[PDB]
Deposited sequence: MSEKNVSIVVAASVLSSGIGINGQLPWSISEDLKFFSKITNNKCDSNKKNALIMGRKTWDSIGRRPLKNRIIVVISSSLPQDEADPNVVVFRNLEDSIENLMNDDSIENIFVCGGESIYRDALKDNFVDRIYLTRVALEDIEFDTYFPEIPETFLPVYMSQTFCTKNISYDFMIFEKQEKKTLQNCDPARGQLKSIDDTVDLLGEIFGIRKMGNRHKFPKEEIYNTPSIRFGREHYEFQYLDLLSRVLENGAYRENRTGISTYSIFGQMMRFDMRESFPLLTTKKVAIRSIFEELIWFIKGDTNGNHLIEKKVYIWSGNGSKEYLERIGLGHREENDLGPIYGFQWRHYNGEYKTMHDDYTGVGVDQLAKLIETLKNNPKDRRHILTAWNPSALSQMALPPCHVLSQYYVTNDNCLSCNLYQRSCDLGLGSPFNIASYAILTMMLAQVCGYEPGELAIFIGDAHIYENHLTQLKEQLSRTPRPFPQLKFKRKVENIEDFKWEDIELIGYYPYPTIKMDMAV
């Protein structure tokens, strides 16, 4: 009785694994994973057995794999004994003679063939599944990996990797069958109530935890966002705010996202990437005219720019969509005297963005690459004080650009998915203009909250297992950061779950 594992690489939506006798992709790192996972063993005087169908045996050229024994399932192949590295069996059950005897075989791997995969799962021979999810869907397949039966549960999901602009990750599924420290912490939590800080940061219950069977392998960085939702649902205090809609709120949180091997665009929900880009280039250009976004069919700033809202907050003198000195006016004209959105501000104020770009490439190891929007002198004139308040940038020794952001207030349902993608694009833009590669993104949050009219929606999103992040590439090298257009951006391999409608609190 030894272990039997499936190794397979399948597409993210339809589970395609083959086409015309070969693979529908060419990913070198995935073959290295197959090699390392099938060679891994404890006893040096034993070998691992790789079971595969005859058509897969043809596709690998009918040549042996070093250090391993290949088991071919075939009805017509001659049961040859000349090659000790290749053995032939007439059916899959008989090949499980690797179990019944042969103590020189340590582990068994079901290595390919839809027919072999389907029979191994149908007869309940498989203990573990190593799955490489490939983000390629609008191509032709003729061979599929069968649906994983309900007896299996995921226990690991890696970060997203990139090869030739193709996104992929690695997952492990398993077939389902000291206390002294945990007891002491429980007893201390009964004695001290909320006096014990751990009781103020309770671990989320299973019913609000995304894919709960993945306990020690939540490596995919979309869990950084999903688990923050779970923490708010678990520990969030019911609080009122300036809007009529109350929230559940906690204070002091963070999220990390990689940007070297993928782009952090959420997959558990279709995110309006075009509106995100249009808002960001609107910031970069220094613009505060809300009509320019509406003219581009972007209405995210409509609520905080209506005549009724502006009059209510004491800005009735202002034009309809004149939002005042907000993001993009502090970026390009910090401390500049604001009049209206139609005036000419060329030369007024401190151009933070221009100075940031120059210091990033003239003094990369400088510890002061800072862009701020919190101006106490201008807060009263803003339609809304800045939420993403301050950001810092860092040039690594291997010429990557990382970004930290402090956010004072985080609408997790609507604002947060935008903020993650927004500063990811901005860091990539700064990276290209300064001649670096994208690095890492960290977001530090003050008031992280969920509006109570988003509870049904966000619990729906928490029921969806994440998929690998897509890739985002620029189609050309711009001469100035203001020259970026929506046509220059290419989003590769984005296969999200359907859209989830959520209303904005004015």
Numbered from 1 on the deposited sequence, the unmodelled stretches are 1-2, 180-192
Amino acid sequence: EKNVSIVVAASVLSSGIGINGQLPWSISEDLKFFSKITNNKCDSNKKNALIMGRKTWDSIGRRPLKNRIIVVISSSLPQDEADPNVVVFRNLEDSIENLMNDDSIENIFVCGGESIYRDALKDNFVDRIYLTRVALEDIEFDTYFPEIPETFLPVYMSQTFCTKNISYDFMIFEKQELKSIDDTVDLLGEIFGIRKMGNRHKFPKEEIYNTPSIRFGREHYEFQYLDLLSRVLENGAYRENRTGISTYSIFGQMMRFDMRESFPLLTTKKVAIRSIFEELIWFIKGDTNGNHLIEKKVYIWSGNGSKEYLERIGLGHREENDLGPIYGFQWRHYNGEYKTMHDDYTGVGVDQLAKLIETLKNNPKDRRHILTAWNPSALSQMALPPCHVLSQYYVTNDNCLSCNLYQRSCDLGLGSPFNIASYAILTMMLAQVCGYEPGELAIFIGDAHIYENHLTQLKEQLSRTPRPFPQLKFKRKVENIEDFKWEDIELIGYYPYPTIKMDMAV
From here on, numbers count along this sequence of modelled residues.
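Only the largest set of C-alpha atoms that superpose within 1.5 Å between the two forms is called the rigid core.
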Say the other structures are aligned on the rigid core; which stretch then has the higher CA RMS in 8 other deposited structures of this protein, 97-105 or 309-317? 97-105
After superposing on the rigid core, the stretch whose C-alphas lie farther from this form in 8 other deposited structures of this protein, comparing 107-115 with 351-359, is 107-115
Missing-residue flag, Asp127, threshold a third of other entries: no
Among the other PDB entries compared that flank it on both sides, is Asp258 unmodelled in a third or more? no
Please compare 461-469 with 40-48 and say which has the higher mean C-alpha temperature factor in the record. 40-48
Comparing 330-338 with 195-203, which has the greater mean CA B-factor as deposited? 330-338
Maximum C-alpha temperature factor, selected from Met157, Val232, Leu426, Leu310: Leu310
Most elevated Cα B-factor in the entry, residues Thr132, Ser213, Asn304, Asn404: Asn304
Sorting the chain's modelled residues by C-alpha B-factor and splitting them into thirds places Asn85 in the highest
Ranked C-alpha temperature factor of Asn67 among modelled chain residues, by third: middle
Within this chain's modelled residues, let me know which third the CA B factor of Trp57 belongs to: lowest, middle or highest. lowest
By the recorded C-alpha temperature factor, relative to the other modelled residues in its chain, which third is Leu315 in? highest
Relative to the other modelled residues in the chain, which third contains the C-alpha temperature factor of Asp102: lowest, middle or highest? highest
